[PDB]
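Written below as structure tokens is the structure these notes are about.
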Ligand SMILES: [Ca+2]
Ligand SMILES: [Ca+2]
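Residue numbers (the numbering used here): 1072 to 1241.
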């Protein structure tokens, strides 16, 4: 693809007053060249900074209150050390307060772009029964160029489990 820098943005509307809050989190995982579909080298989310500052959450929301994009993450893929050959991005729905799948989130949406070029948009309509989803993959070849592989894949897991398994091959 020749992808250099990606922004992943996610939006949703809040739960009704008095219901448990709806909280989606963006998470990214990096994988090593010698194990691209295996154990994450590290993960980035609202409670876990990148060790190298190249992938970072720009803003979060714990309730979806607010017009426009509620949570945004930047991935400076060009700057990743060559040891990293694959990055997976995903969205989890927090489960601690209530079992909630994408159909139970009001008007969820995502957008991924490189600069001003939109790469993907989705409403999670293919994963309505899931509690988390991977929403995109980037793979770097021997030429050094990052390719984006679209695809939304649903998971039935909670956030902590998802972060460990989100690299699995599809
Ligand atoms: Ca959140
Ligand atoms: Ca919102």
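Virtual Cβ for every residue (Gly too), placed ideally from N, Cα, C.
Going by the beta-carbon positions, is the gap between residue 1142 and residue 1132 smaller than 9 angstroms?
yes
Name, in chain order, the residues that DSSP records as bridge partners for residue 1217.
1074 and 1211
Relative to the alpha-carbon of residue 1173, which residue among 1072, 1074, 1076 and 1082 has its alpha-carbon at the smallest distance?
1082
Among the candidates 1095, 1235, 1241 and 1219, whose CA atom is the shortest distance from the CA of residue 1188?
1219
For the alpha helix (DSSP H) containing residue 1176, name the first residue and the last one.
Segment: none, residue 1176 is in no alpha helix (DSSP H) and carries neither H nor E.
Does DSSP classify residue 1236 as helix, strand or coil?
helix
Using only the alpha-carbon positions, how far apart do residue 1110 and residue 1178 sit?
32 angstroms
At a cut of 8 angstroms, does the stretch 1190-1206 reach the stretch 1221-1236 through at least three beta carbon pairs?
yes
Is it true that the CB of residue 1240 sits closer than 9 angstroms to the CB of residue 1148?
no
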